[PDB]
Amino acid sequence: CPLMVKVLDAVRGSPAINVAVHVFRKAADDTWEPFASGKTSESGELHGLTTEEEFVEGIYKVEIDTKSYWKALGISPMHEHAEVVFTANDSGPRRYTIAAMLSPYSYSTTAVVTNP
């Protein structure tokens, strides 16, 4: 798992389950290329997005569909989505966890990078 995304709900104190996540990589021409996507599990985790070979140095974007999440819980949110854009592997290979904590008016995101 070179790349893992974790999503948490700060209103209920729970993993955010069945949240849609899209990942893109910036391509040579400044456009965003589709790279991976999925839905978070019961633990709020999305694994199996990429291989060590496919996950090269670059700029990556993680788009989180927060609005559908809230609406499915009966909340009409102010935040439309979250977009986290980061540089990877520029110092050589690392495992990355992109975590996001959601509220209807806020998010926080953290990156944890560890060396294999």
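Residues carry their position along the shown sequence, with the first being 1.
- In this entry, 26 to 34 has the higher mean Cα B-factor, the comparison being between 73 to 81 and 26 to 34.
- When the mean C-alpha temperature factors of 63 to 71 and 47 to 55 are read from the deposited coordinates, 47 to 55 comes out higher.
- In the deposited entry, the Cα temperature factor of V7 sits in the bottom third of values across the chain's modelled residues.
- Remark: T114 belongs to the highest third of its chain, ranked by C-alpha B-factor as recorded.
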